[PDB]
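Coming up are structure 1 and structure 2: the same protein chain in two forms, each one given alone as structure tokens.
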Structure 1
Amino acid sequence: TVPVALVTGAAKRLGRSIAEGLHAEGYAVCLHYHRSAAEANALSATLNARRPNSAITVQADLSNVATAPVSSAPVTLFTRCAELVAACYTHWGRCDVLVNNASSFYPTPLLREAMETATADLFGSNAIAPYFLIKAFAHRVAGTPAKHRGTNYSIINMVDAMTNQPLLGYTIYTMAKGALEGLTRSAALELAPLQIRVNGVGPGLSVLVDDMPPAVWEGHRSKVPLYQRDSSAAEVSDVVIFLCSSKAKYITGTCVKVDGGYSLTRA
């Protein structure tokens, strides 16, 4: 049987490595994107060239805002999330794995309309959208006759090993990852009767090159105890792939740091 994975924010960086890793194990993957349409579609062609009808793309703004319909009233985040899960059942009749990877990240310093949009985008992508996606995912397994349910349902939330040692100026982001840790434990307990495992993976510093200038990149990366560098995308994605595997079937409600020991440091 060919299981299916829905990966949010899958066009590049960590999300693309998670989609590639799952595809390498045999999963058909639904690649969600927000602004990186070209990149998502290129990845999709690359995957379908390797194995036909093994990848599809779907667009969505996961911020906690209402959007205009694509054909009466404004569409809610809840609906958009339900439609992402639906795309998987419509195309392949199942959704075995959900990886909540999409996430906005920018400052919200404590010391007008921008603040409201930042709250909805940072909390929606990192926490409210994952909540609605898990709810739609669980509803679809619950509506599937037991004799037709898959045998290895897994949800992975991408959290952050370092949020307990806050990055100064990123309060809303930090709060939203703490809510995501709370969703991981609450959903793991609640969904355990359906055999749906829910776990987190929390990178420390990963693929810094694209986000920081040389000198800043060098300076951050030097404080990681193990290897004195940021991780590669595969160093993170291989752990997500292992948690979705049948070998990790007794693991639920846990968050695994993939941080090279950065959380063990002190100023």
Structure 2
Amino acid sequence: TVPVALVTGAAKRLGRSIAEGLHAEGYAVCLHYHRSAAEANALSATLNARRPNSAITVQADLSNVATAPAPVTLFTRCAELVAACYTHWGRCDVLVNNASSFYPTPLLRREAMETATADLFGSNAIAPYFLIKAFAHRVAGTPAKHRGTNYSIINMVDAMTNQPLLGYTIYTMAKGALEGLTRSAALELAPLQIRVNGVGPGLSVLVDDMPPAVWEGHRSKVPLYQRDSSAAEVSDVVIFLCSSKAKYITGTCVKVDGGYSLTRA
């Protein structure tokens, strides 16, 4: 009783929605955040008000860089994130790799390039690798009698992977590595009954820092409804794949994109 979910980047948008949907199914939730301390503490208050000691927050930079209090490597920051679930609640049944940087890295016209690469690949790919390693190590270190009955890892990927967004090469590479992680971890962790799946949004909760015609033009291209998704239209799929009814699904990436990946220029 009281399964525990770890959701990275849980403070806002899709990750907040995922944490809420998991909390609504009875999970205690560990809300990871990087820079959004206010929103993460506000969400924690809301969920703890519904159920005392059902949400906590942990801060971590998931870029592939070392930090300071010897320097602290990304891998041990990820190990410590999983550790916060077992320390507080004695378990971790669900891990959602949701946190993600996303900005252009154009090929056509150096501290920027160096920090872009660690940031985008760490957050979207390498920290997921380390977190899965930490999550799976902990299941392995748990006596079988004490293991949970429904371990589930979700990687937030991208429905539009075969149709790249112009000028976003590092991001697209990182989401491709994340799909590779989904398949590889699914295979390798199957004997522990840890399922690993991907959920791929198309356009979801689209930021509108552009002229109104440009924003409406973007959304209008989604065949189903001619709009971007809501946060829940994505997070409800995450919550299903973690549910026990999804127990035979692993290594699978589910598009939640309104048909947008079906389109062509």
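Under this definition, the rigid core comprises the largest set of C-alpha atoms superposing within 1.5 Å between the forms. Structure 1's sequence is the ruler for residue numbers, which start at 1. Shifts are known only where both forms have a C-alpha.
Residue among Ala49, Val216, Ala234, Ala42 whose Cα moves 2 Å or more between the two structures, once the rigid core is superposed: Just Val216.
Rigid-core-superposed Cα shift at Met162 between the two structures, Å: C-alpha shift for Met162: 0.5 Å.
Moved runs of 3+ residues, each with a C-alpha displacement of 2 angstroms or more between the two structures on the rigid core: Run with every C-alpha shifted by at least 2 Å: 209-216, nothing else.
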